[PDB]
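*Asks:* 3D model of this:
(chains A and B)
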Amino acid sequence: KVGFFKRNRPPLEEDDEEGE
Amino acid sequence: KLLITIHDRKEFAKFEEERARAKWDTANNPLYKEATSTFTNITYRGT
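*Replies:* Numbering: from 1, shown residues only, chains lettered A, B, ... in the order given. Shown next is the structure:
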């Protein structure tokens, strides 16, 4: 929703979450 | 907007392993007496 997607996805895929 | 402060306070949640991990884990398995787990039957004594 905010840092969640922009905190664990950036180091791998700049995707959101549902798309992992 | 606490979803960040509450989602950031979790940073320490797992860091709890990092600290314990640190460099040499602040504990290079000193053992000292782990191998011979048989600490004798308290039958020490000596001469």
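
*Asks:* need phi/psi at residue B:19.
*Replies:* phi -50, psi -60 (degrees, to the nearest 10).

*Asks:* burial of it, as a residue count?
*Replies:* 9 (other C-beta atoms under 10 Å in any protein chain shown). In this view, the C-beta of every residue, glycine as well, is placed from N, C-alpha and C.

*Asks:* and whatever residue of chain A ends up closest to chain B, how close does it get to residue B:38?
*Replies:* Per C-beta to the nearest C-beta, the residue of chain A with the smallest distance to chain B is residue A:3, at 5.5 Å. Look at residue A:3 and residue B:38: by C-beta to C-beta, to the nearest Å, they are 53 Å apart.

*Asks:* ok, the two, which is more surrounded?
*Replies:* residue A:3 (11 against 6).

*Asks:* that one contacts residue B:4, correct?
*Replies:* Yes. Counting by C-beta atoms under 8 Å, residue B:4 is a contact partner of residue A:3 at 5.5 Å.

*Asks:* okay, now residue A:5: neighbour count?
*Replies:* 15.

*Asks:* residues touching it, list them.
*Replies:* Contact analysis of residue A:5 by C-beta atoms under 8 Å, 6 or more residues apart in numbering or on different chains lists A:15-17.
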